[PDB]
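Structure file target-v1.txt (compact mmCIF, C-alpha atoms and all ligand atoms) is printed below.
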```txt
# COMPACT_ATOMS: atom_id res chain seq x y z
CA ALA A 11 -3.19 -10.77 21.68
CA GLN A 12 -5.29 -11.81 18.66
CA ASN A 13 -4.38 -14.93 16.60
CA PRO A 14 -1.55 -16.07 18.84
CA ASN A 15 -1.05 -19.36 16.94
CA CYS A 16 -0.47 -17.26 13.72
CA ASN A 17 -3.09 -19.10 11.65
CA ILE A 18 -4.00 -17.96 8.16
CA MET A 19 -7.33 -16.14 8.46
CA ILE A 20 -10.01 -15.99 5.75
CA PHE A 21 -12.26 -12.90 5.44
CA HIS A 22 -15.64 -12.41 3.77
CA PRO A 23 -16.23 -8.59 3.55
CA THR A 24 -19.64 -7.32 2.61
CA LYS A 25 -19.93 -4.91 -0.32
CA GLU A 26 -20.01 -2.00 2.15
CA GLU A 27 -16.89 -3.24 3.91
CA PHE A 28 -15.22 -3.57 0.50
CA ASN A 29 -15.41 0.19 -0.15
CA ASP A 30 -12.49 1.39 1.89
CA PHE A 31 -9.29 -0.68 1.27
CA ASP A 32 -7.13 0.85 4.03
CA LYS A 33 -9.85 0.55 6.63
CA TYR A 34 -10.40 -3.18 5.83
CA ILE A 35 -6.63 -3.99 6.01
CA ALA A 36 -6.51 -2.27 9.41
CA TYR A 37 -9.60 -4.27 10.48
CA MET A 38 -7.95 -7.56 9.48
CA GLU A 39 -4.91 -6.62 11.52
CA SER A 40 -7.14 -5.78 14.54
CA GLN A 41 -8.18 -9.45 14.36
CA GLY A 42 -4.51 -10.64 14.22
CA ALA A 43 -4.40 -11.57 10.52
CA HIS A 44 -0.92 -10.24 10.02
CA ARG A 45 0.53 -12.63 12.52
CA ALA A 46 0.25 -15.45 9.93
CA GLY A 47 2.07 -13.47 7.20
CA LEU A 48 -0.77 -14.20 4.74
CA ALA A 49 -4.58 -13.75 4.67
CA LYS A 50 -7.27 -14.74 2.18
CA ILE A 51 -10.07 -12.30 1.21
CA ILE A 52 -13.13 -13.66 -0.60
CA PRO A 53 -14.82 -10.67 -2.35
CA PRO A 54 -18.52 -9.99 -1.87
CA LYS A 55 -20.68 -11.88 -4.37
CA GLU A 56 -21.77 -8.54 -6.03
CA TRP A 57 -18.15 -7.79 -7.06
CA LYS A 58 -16.25 -8.59 -10.19
CA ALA A 59 -12.80 -7.73 -11.48
CA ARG A 60 -13.99 -7.29 -15.06
CA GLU A 61 -16.83 -8.63 -17.27
CA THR A 62 -15.08 -11.52 -19.00
CA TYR A 63 -11.66 -13.07 -19.75
CA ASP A 64 -12.55 -13.74 -23.38
CA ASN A 65 -10.30 -11.12 -24.88
CA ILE A 66 -6.84 -11.68 -23.20
CA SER A 67 -5.09 -14.01 -25.67
CA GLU A 68 -3.18 -11.28 -27.47
CA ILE A 69 -1.33 -10.03 -24.36
CA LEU A 70 2.37 -10.66 -24.99
CA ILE A 71 4.70 -12.51 -22.68
CA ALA A 72 7.92 -10.90 -24.00
CA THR A 73 10.31 -13.00 -21.94
CA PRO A 74 8.82 -16.34 -20.75
CA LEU A 75 11.09 -17.95 -18.16
CA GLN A 76 11.90 -21.71 -18.01
CA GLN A 77 12.37 -22.63 -14.39
CA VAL A 78 15.20 -25.17 -14.17
CA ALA A 79 15.79 -26.84 -10.79
CA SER A 80 18.99 -28.10 -9.09
CA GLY A 81 19.21 -30.04 -5.80
CA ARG A 82 17.06 -32.64 -4.17
CA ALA A 83 13.30 -32.92 -4.25
CA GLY A 84 12.74 -31.05 -0.92
CA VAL A 85 15.69 -28.63 -1.12
CA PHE A 86 16.41 -27.04 -4.46
CA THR A 87 17.27 -23.85 -6.28
CA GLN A 88 15.84 -22.73 -9.55
CA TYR A 89 17.22 -20.51 -12.25
CA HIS A 90 15.31 -18.82 -14.96
CA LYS A 91 16.23 -19.51 -18.60
CA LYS A 92 14.90 -16.86 -20.99
CA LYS A 93 12.72 -18.16 -23.86
CA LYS A 94 11.35 -16.59 -27.03
CA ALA A 95 8.26 -14.34 -26.78
CA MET A 96 4.82 -15.79 -27.02
CA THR A 97 1.22 -14.55 -26.65
CA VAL A 98 -1.01 -15.56 -23.77
CA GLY A 99 -3.00 -17.72 -26.29
CA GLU A 100 0.21 -19.51 -27.30
CA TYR A 101 1.22 -19.92 -23.64
CA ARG A 102 -2.16 -21.33 -22.68
CA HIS A 103 -1.90 -23.94 -25.43
CA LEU A 104 1.60 -24.81 -24.26
CA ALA A 105 0.45 -25.11 -20.60
CA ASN A 106 -2.33 -27.57 -21.73
CA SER A 107 0.03 -29.71 -23.90
CA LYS A 108 0.84 -33.22 -22.85
CA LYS A 109 4.43 -32.15 -21.83
CA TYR A 110 3.22 -29.44 -19.39
CA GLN A 111 -0.36 -30.17 -18.33
CA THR A 112 -1.49 -30.93 -14.78
CA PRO A 113 -1.50 -34.70 -14.14
CA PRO A 114 -4.49 -36.65 -13.02
CA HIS A 115 -4.94 -36.27 -9.29
CA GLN A 116 -7.47 -36.91 -6.50
CA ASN A 117 -7.54 -33.62 -4.65
CA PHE A 118 -5.30 -30.64 -3.74
CA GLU A 119 -3.33 -32.73 -1.16
CA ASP A 120 -2.51 -35.39 -3.77
CA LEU A 121 -1.37 -32.69 -6.23
CA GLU A 122 0.83 -31.15 -3.52
CA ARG A 123 2.45 -34.55 -2.92
CA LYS A 124 3.06 -34.93 -6.62
CA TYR A 125 4.56 -31.41 -6.84
CA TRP A 126 7.11 -32.06 -4.06
CA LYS A 127 7.96 -35.54 -5.29
CA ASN A 128 8.33 -34.54 -8.93
CA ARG A 129 8.95 -30.79 -9.38
CA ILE A 130 12.70 -31.00 -9.80
CA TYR A 131 12.39 -33.40 -12.73
CA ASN A 132 10.65 -30.93 -14.99
CA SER A 133 11.22 -27.30 -16.19
CA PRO A 134 7.86 -25.46 -16.46
CA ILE A 135 7.67 -22.07 -18.26
CA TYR A 136 6.42 -19.03 -16.27
CA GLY A 137 5.18 -15.65 -17.60
CA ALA A 138 6.25 -13.48 -14.65
CA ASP A 139 6.53 -9.90 -13.81
CA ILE A 140 4.61 -8.48 -16.79
CA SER A 141 3.68 -4.82 -16.17
CA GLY A 142 -0.05 -4.41 -16.64
CA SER A 143 -3.59 -4.94 -15.29
CA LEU A 144 -6.72 -6.97 -16.02
CA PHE A 145 -9.03 -4.94 -13.77
CA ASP A 146 -11.73 -3.01 -15.60
CA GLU A 147 -11.21 0.67 -15.16
CA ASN A 148 -14.79 0.87 -13.89
CA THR A 149 -14.19 -1.58 -11.08
CA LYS A 150 -14.16 0.76 -8.13
CA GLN A 151 -13.34 -1.53 -5.15
CA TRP A 152 -10.05 -3.37 -4.68
CA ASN A 153 -8.82 -2.46 -8.12
CA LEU A 154 -5.08 -3.21 -7.96
CA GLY A 155 -4.25 -0.46 -10.51
CA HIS A 156 -5.99 2.24 -8.31
CA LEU A 157 -4.55 1.67 -4.94
CA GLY A 158 -2.75 4.45 -2.96
CA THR A 159 0.91 4.54 -3.98
CA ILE A 160 3.76 3.60 -1.64
CA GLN A 161 5.48 6.90 -2.41
CA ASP A 162 2.36 8.76 -1.28
CA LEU A 163 2.20 6.64 1.91
CA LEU A 164 5.86 7.46 2.75
CA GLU A 165 5.12 11.13 2.15
CA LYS A 166 1.99 11.07 4.37
CA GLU A 167 3.84 9.25 7.21
CA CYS A 168 7.27 10.79 7.06
CA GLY A 169 6.83 14.12 5.24
CA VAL A 170 9.33 13.55 2.47
CA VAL A 171 8.28 13.64 -1.21
CA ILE A 172 10.12 11.09 -3.31
CA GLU A 173 10.27 10.05 -6.99
CA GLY A 174 8.93 6.67 -8.20
CA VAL A 175 5.84 4.94 -9.29
CA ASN A 176 3.99 1.79 -8.09
CA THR A 177 2.19 -0.32 -10.75
CA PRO A 178 0.70 -3.86 -10.94
CA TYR A 179 2.15 -6.93 -12.57
CA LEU A 180 0.62 -10.01 -14.26
CA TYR A 181 1.72 -13.60 -13.75
CA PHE A 182 0.78 -16.34 -16.21
CA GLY A 183 1.41 -19.78 -14.72
CA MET A 184 1.24 -23.45 -15.58
CA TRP A 185 1.57 -26.67 -13.59
CA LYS A 186 4.71 -26.69 -11.40
CA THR A 187 5.55 -23.01 -11.96
CA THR A 188 7.05 -21.91 -8.68
CA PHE A 189 7.61 -18.83 -6.54
CA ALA A 190 10.62 -19.25 -4.33
CA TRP A 191 10.90 -18.37 -0.61
CA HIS A 192 10.97 -14.56 -0.19
CA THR A 193 9.65 -11.48 1.47
CA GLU A 194 8.61 -8.49 -0.60
CA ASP A 195 11.01 -5.78 -1.63
CA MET A 196 11.65 -3.55 1.38
CA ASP A 197 9.41 -6.00 3.38
CA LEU A 198 6.30 -4.37 1.86
CA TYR A 199 2.81 -5.82 1.81
CA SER A 200 1.57 -7.49 -1.33
CA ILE A 201 -1.90 -8.10 -2.68
CA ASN A 202 -2.49 -10.86 -5.21
CA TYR A 203 -5.69 -11.53 -7.17
CA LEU A 204 -6.17 -14.83 -9.04
CA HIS A 205 -8.11 -13.70 -12.12
CA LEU A 206 -8.68 -17.05 -13.76
CA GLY A 207 -7.70 -20.62 -14.14
CA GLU A 208 -6.30 -23.22 -11.83
CA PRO A 209 -5.34 -22.73 -8.17
CA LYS A 210 -2.16 -21.49 -6.52
CA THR A 211 -0.85 -23.16 -3.32
CA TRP A 212 0.92 -20.90 -0.78
CA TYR A 213 3.30 -21.59 2.13
CA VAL A 214 4.07 -18.86 4.68
CA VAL A 215 6.18 -18.31 7.82
CA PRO A 216 4.78 -15.93 10.48
CA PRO A 217 6.70 -12.59 10.53
CA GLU A 218 7.64 -13.08 14.16
CA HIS A 219 9.50 -16.25 13.17
CA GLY A 220 11.12 -15.13 9.96
CA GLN A 221 14.65 -15.37 11.32
CA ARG A 222 14.10 -19.12 11.92
CA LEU A 223 13.49 -19.56 8.24
CA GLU A 224 16.56 -17.44 7.41
CA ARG A 225 18.77 -19.58 9.69
CA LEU A 226 17.59 -22.80 8.10
CA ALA A 227 18.11 -21.32 4.65
CA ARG A 228 21.73 -20.42 5.47
CA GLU A 229 22.28 -24.06 6.56
CA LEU A 230 20.57 -25.54 3.44
CA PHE A 231 22.13 -23.24 0.90
CA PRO A 232 25.60 -22.70 2.36
CA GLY A 233 27.40 -21.42 -0.77
CA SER A 234 24.56 -18.98 -1.59
CA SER A 235 24.70 -17.73 2.03
CA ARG A 236 28.43 -17.04 1.84
CA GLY A 237 27.84 -15.10 -1.34
CA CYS A 238 25.13 -12.77 -0.05
CA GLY A 239 23.81 -11.94 3.42
CA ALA A 240 20.34 -11.48 1.89
CA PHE A 241 20.36 -14.25 -0.69
CA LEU A 242 16.68 -15.05 -0.34
CA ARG A 243 16.20 -11.73 -2.15
CA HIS A 244 17.42 -13.61 -5.23
CA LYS A 245 14.21 -15.59 -5.28
CA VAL A 246 15.72 -18.89 -6.10
CA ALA A 247 15.46 -21.17 -2.99
CA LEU A 248 12.82 -23.80 -2.39
CA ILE A 249 12.32 -25.81 0.79
CA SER A 250 9.46 -28.33 1.12
CA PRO A 251 6.94 -28.53 3.91
CA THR A 252 8.41 -31.88 4.98
CA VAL A 253 11.86 -30.27 5.39
CA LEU A 254 10.42 -27.33 7.24
CA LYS A 255 8.57 -29.71 9.63
CA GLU A 256 11.75 -31.80 10.17
CA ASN A 257 13.56 -28.64 11.18
CA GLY A 258 10.82 -27.29 13.46
CA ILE A 259 10.06 -24.17 11.36
CA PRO A 260 6.65 -22.73 12.04
CA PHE A 261 4.60 -22.33 8.81
CA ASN A 262 1.14 -22.59 7.30
CA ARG A 263 -0.29 -23.52 3.93
CA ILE A 264 -3.42 -22.56 1.96
CA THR A 265 -4.69 -22.88 -1.61
CA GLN A 266 -6.03 -19.81 -3.42
CA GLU A 267 -8.71 -20.27 -6.12
CA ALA A 268 -9.80 -18.04 -8.98
CA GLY A 269 -11.74 -15.04 -7.77
CA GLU A 270 -9.89 -14.79 -4.46
CA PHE A 271 -7.41 -12.24 -3.06
CA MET A 272 -4.36 -12.99 -0.91
CA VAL A 273 -2.57 -10.37 1.17
CA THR A 274 1.04 -10.90 2.29
CA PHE A 275 2.14 -8.88 5.33
CA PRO A 276 5.48 -7.19 6.03
CA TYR A 277 8.31 -9.70 6.61
CA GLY A 278 6.03 -12.74 5.87
CA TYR A 279 8.22 -15.17 4.00
CA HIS A 280 6.22 -17.07 1.39
CA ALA A 281 6.61 -19.59 -1.46
CA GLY A 282 4.27 -21.70 -3.56
CA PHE A 283 3.27 -23.19 -6.91
CA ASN A 284 0.58 -23.15 -9.58
CA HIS A 285 -1.73 -26.10 -10.25
CA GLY A 286 -2.19 -25.48 -13.96
CA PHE A 287 -2.77 -22.63 -16.45
CA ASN A 288 -3.70 -19.48 -14.54
CA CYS A 289 -3.36 -15.72 -14.44
CA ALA A 290 -2.72 -13.62 -11.30
CA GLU A 291 -2.19 -9.88 -10.78
CA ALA A 292 -0.12 -8.54 -7.86
CA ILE A 293 1.21 -5.24 -6.53
CA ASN A 294 3.05 -4.05 -3.43
CA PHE A 295 1.43 -1.61 -1.03
CA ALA A 296 2.14 0.04 2.29
CA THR A 297 0.31 1.15 5.42
CA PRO A 298 1.53 3.17 8.44
CA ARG A 299 2.52 -0.09 10.15
CA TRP A 300 4.93 -0.96 7.30
CA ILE A 301 7.30 1.95 7.92
CA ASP A 302 9.13 0.29 10.79
CA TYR A 303 9.58 -2.89 8.74
CA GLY A 304 10.91 -0.95 5.80
CA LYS A 305 13.65 0.57 8.02
CA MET A 306 14.85 -2.89 9.07
CA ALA A 307 14.57 -4.78 5.77
CA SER A 308 17.61 -6.72 4.60
CA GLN A 309 19.18 -5.87 1.45
CA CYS A 310 21.04 -7.68 -1.36
CA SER A 311 24.24 -5.74 -2.23
CA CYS A 312 25.93 -8.63 -4.20
CA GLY A 313 24.48 -7.62 -7.54
CA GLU A 314 22.08 -10.50 -8.05
CA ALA A 315 18.67 -9.28 -6.88
CA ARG A 316 18.55 -6.23 -9.30
CA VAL A 317 15.22 -4.46 -8.59
CA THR A 318 12.95 -1.60 -9.64
CA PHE A 319 13.86 2.04 -10.01
CA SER A 320 11.44 3.02 -7.24
CA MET A 321 13.27 0.98 -4.52
CA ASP A 322 16.16 3.56 -4.63
CA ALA A 323 14.18 6.15 -2.76
CA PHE A 324 12.96 3.73 -0.17
CA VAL A 325 16.54 2.70 0.66
CA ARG A 326 17.78 6.27 0.51
CA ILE A 327 15.22 7.65 2.96
CA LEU A 328 14.56 4.69 5.26
CA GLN A 329 18.12 3.17 5.26
CA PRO A 330 20.63 5.97 4.64
CA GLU A 331 23.54 4.04 6.21
CA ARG A 332 22.99 1.13 3.76
CA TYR A 333 22.42 3.34 0.77
CA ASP A 334 25.94 3.65 -0.63
CA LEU A 335 26.63 -0.13 -0.41
CA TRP A 336 23.23 -1.15 -1.83
CA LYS A 337 23.58 1.31 -4.74
CA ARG A 338 27.07 -0.05 -5.63
CA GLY A 339 25.29 -3.48 -5.99
CA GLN A 340 22.75 -1.90 -8.35
CA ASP A 341 25.51 -0.40 -10.64
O1 LIG B 401 1.86 -15.51 -8.01
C1 LIG B 401 3.13 -15.30 -7.84
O2 LIG B 401 3.99 -15.86 -8.79
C2 LIG B 401 3.68 -14.99 -6.54
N1 LIG B 401 3.00 -14.08 -5.66
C3 LIG B 401 3.59 -13.34 -4.70
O3 LIG B 401 4.82 -13.49 -4.39
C4 LIG B 401 2.74 -12.22 -4.06
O4 LIG B 401 1.62 -11.72 -4.54
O5 LIG B 401 3.22 -11.83 -2.92
MG MG B 402 -5.64 -9.73 -25.82
NI NI B 403 5.43 -12.19 -3.00
ZN ZN B 404 22.59 -10.87 -3.28
```
Output the file's structure in the form of C-alpha cells.
Ligand SMILES: O=C(O)CNC(=O)C(=O)O
Ligand SMILES: [Mg+2]
Ligand code: NI
Ligand SMILES: [Zn+2]
Amino acid sequence: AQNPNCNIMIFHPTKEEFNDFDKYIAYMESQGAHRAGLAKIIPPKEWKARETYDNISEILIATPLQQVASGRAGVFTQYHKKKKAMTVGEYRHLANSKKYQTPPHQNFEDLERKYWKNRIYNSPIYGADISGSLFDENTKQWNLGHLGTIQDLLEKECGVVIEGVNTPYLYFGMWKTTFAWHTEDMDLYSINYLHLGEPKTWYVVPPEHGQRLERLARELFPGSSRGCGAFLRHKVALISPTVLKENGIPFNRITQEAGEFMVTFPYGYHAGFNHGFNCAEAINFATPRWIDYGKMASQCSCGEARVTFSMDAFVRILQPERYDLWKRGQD
C-alpha cells in the first residue's frame, strides 16, 4: 500500500503532465497521495495563472466577515460578524494597517506559535466565498474555472442527469484569518490556488482517521455536538496542533506559498490560517473514486450549515433516505 504513514506529498508535474487534470489526480492517488487528505502541486515553471495581479483592486468584497473567537487559545469557536462592503484595494490597506498586519517573526514556525498563542485575542476580517475567478481565460491547464463539473461527473458515473452548476470562489485573507476544521460539502475534493500574497498554513487529518477527529470534536465542543450530529459542517471549530497531539489524533501540517496548488481529498478534515494579505481561489471537484464518499457523507439537518443550491441534487440522488430530513433543515 503506497504512503502508509499518510504523509503530505508534494508533486512537481512537467508541462506535459500538466495537460490532463484527471489523469494527474489519478496518478497522485496511485502514489498514495490521498491517504494524507491533502497534497501540494507545484506547477511547471512555464505555467502562469494570468499575466499580472496589477488590476484586481476594484473587485468588491460585498460582505467582509469579522472572525470573532470564543474559548481558550487551543480550543475555540469563531463566529462571523458581517461588515460593510469594501473593495480589494481597501481590504489590502486594512490588512497592512498597524491593527491587522503580520507581526515581526523569525520563520513560519515562529509565526505558527504566535498564531496559536494569540489568535483568540484578535478579530481579523476575511473576504470569503466570493463567486469569481482570477485565471486568465487563455490559461489552458489547471484553470479552476474550466474544470469538469461535478454534475457531469455524477452523470458519467451513475447515468442520472441533474440540475446545478459548479463555479470557483475567491478568498481574500489577512493575518490570523482562519478556516475551521471541516471536510468539503458532500465530502468532495477541493483544489485551492494561492494567487498572490502571503502564505497559508494547513492542518489535515488522514481520511482513514477522520472519525478520531470527530470523536475529539464531540468531547471538546459538547453543546455544539448535542445540537447537531454534523456540527463540523458549521465551520466554526478550531483545535490546535498541541491539543491534537495531546489527544493522539493523527495529523499533518504544511505551508502553501503563492503560486502553489493544494488538493484536499474526500473526507480529509482540514483547517488553517493566513499569514498576511493574500488571495486564493478554490473550487470543489469530483472523480470516480468520490462517489462512494458522497454516499456516506454526514449531513447537517439543524439549519445552521445552509449550503449551495447544487448540493440538493447530490443529497437527493446519493442519499435518498436522508433527503427529506436534510431538506427540512434547508427550509
Ligand atoms: O483558503 C481557504 O479559506 C480555505 N480552503 C479550503 O478549505 C479548501 O480549498 O479546501
Ligand atoms: Mg479590479
Ligand atoms: Ni476546504
Ligand atoms: Zn447543523
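Each of A:12, A:123, A:47, A:99 was checked against ligand MG 402 (chain B) using all atoms listed in the file; the smallest atom-to-atom distance is that of A:99.
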**OP:** Please identify all polymer residues lying at most 9 Å from the point (2.7, 2.0, 6.2) (file coordinates), using only C-alpha atoms, and present the result as a list in words.
**Re:** residues 160, 163, 164, 167, 198, 199, 295, 296, 297, 298, 299, 300, 301, 302, 303 and 304 of chain A
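Of the listed residues (A:112, A:117, A:17, A:309), A:17 comes nearest to residue 41 in chain A; the distances count all atoms listed in the file.
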**OP:** Could you pull out the residues sitting within 9 Å of ligand MG 402 (chain B), using only C-alpha atoms and all ligand atoms, and write them as a PyMOL selection string?
**Re:** chain A and resi 64-70+97-99
Would you save the residues of that selection, restricted to C-alpha atoms, as a PDB file, in the frame of the given file?
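part05.pdb written:
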```pdb
ATOM      1  CA  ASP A  64     -12.550 -13.740 -23.380  1.00  0.00           C
ATOM      2  CA  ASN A  65     -10.300 -11.120 -24.880  1.00  0.00           C
ATOM      3  CA  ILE A  66      -6.840 -11.680 -23.200  1.00  0.00           C
ATOM      4  CA  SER A  67      -5.090 -14.010 -25.670  1.00  0.00           C
ATOM      5  CA  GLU A  68      -3.180 -11.280 -27.470  1.00  0.00           C
ATOM      6  CA  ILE A  69      -1.330 -10.030 -24.360  1.00  0.00           C
ATOM      7  CA  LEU A  70       2.370 -10.660 -24.990  1.00  0.00           C
ATOM      8  CA  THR A  97       1.220 -14.550 -26.650  1.00  0.00           C
ATOM      9  CA  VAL A  98      -1.010 -15.560 -23.770  1.00  0.00           C
ATOM     10  CA  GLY A  99      -3.000 -17.720 -26.290  1.00  0.00           C
TER      11      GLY A  99
END
```
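The residue that comes closest to residue 246 in chain A, out of A:281, A:180, A:272, A:59 and on the basis of all atoms listed in the file, is A:281.
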Original post:
residue 58 in chain A: which residues within 12 Å, counting only C-alpha atoms, same-chain residues fewer than 6 positions away excluded, as a VMD selection string?
Top reply: chain A and resid 25 28 52 144 to 153 203 to 206 268 to 271
Subject >> Selected residue, from A:179, A:231, A:57, A:185, that lies nearest to ligand NI 403 (chain B) when counting all atoms listed in the file >> reply: A:179
Subject >> Exercise answer, 9 Å around ligand LIG 401 (chain B) with only C-alpha atoms and all ligand atoms, as a ChimeraX atom specification >> reply: /A:48,136-139,180-183,187-194,199-204,210,212,272-275,280-284,289-294
**OP:** Could you report the residues within 10 Å of ligand ZN 404 (chain B), using only C-alpha atoms and all ligand atoms, as a ChimeraX atom specification?
**Re:** /A:234-245,309-316,336,339
**OP:** Name all residues at most 12 Å from residue 252 in chain A (count all atoms listed in the file; drop same-chain ones fewer than 4 positions away) and give them as JSON, numbers by chain.
**Re:** {"A": [83, 84, 85, 122, 123, 126, 127, 213, 248, 256, 257, 258, 259, 260, 261]}
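Nearest-residue note for ligand NI 403 (chain B): choosing from A:174, A:209, A:233, A:278, the minimum distance belongs to A:278, counting only C-alpha atoms and all ligand atoms.
Of note, CA of residue 77 in chain A and CA of residue 249 in chain A are spaced 15.5 Å apart.
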**OP:** Give as a VMD selection string each residue that has an atom at most 6 Å from (-4.6, -21.7, -15.7) in the file, counting all atoms listed in the file.
**Re:** chain A and resid 207 to 208 286 to 288
Original post:
Given the choices A:332, A:337, A:196, A:107, which gets closest to ligand NI 403 (chain B) if the distance is worked out from all atoms listed in the file?
Top reply: A:196
**OP:** Identify, on the basis of only C-alpha atoms, every residue whose closest approach to residue 155 in chain A does not exceed 8 Å; exclude the query and any residue fewer than 5 positions from it along the same chain; express the result as an MDAnalysis selection string.
**Re:** chainID A and resid 143 145 177:178
Store the residues picked out above, limited to C-alpha atoms, as a JSON list (two decimals), keeping the file's coordinate frame.
```
[["chain", "number", "residue", "atom", "x", "y", "z"],
["A", 143, "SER", "CA", -3.59, -4.94, -15.29],
["A", 145, "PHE", "CA", -9.03, -4.94, -13.77],
["A", 177, "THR", "CA", 2.19, -0.32, -10.75],
["A", 178, "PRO", "CA", 0.70, -3.86, -10.94]]
```
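CA of residue 15 in chain A is positioned 8.2 Å from CA of residue 45 in chain A.
A straight line drawn from CA of residue 250 in chain A to CA of residue 44 in chain A is 22.7 Å long.
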Original post:
Neighbours of residue 162 in chain A within 10 Å (all atoms listed in the file; same-chain residues fewer than 6 positions away dropped), as a list in words?
Top reply: residues 168, 169, 170, 171, 172, 173, 174, 175, 176 and 296 of chain A
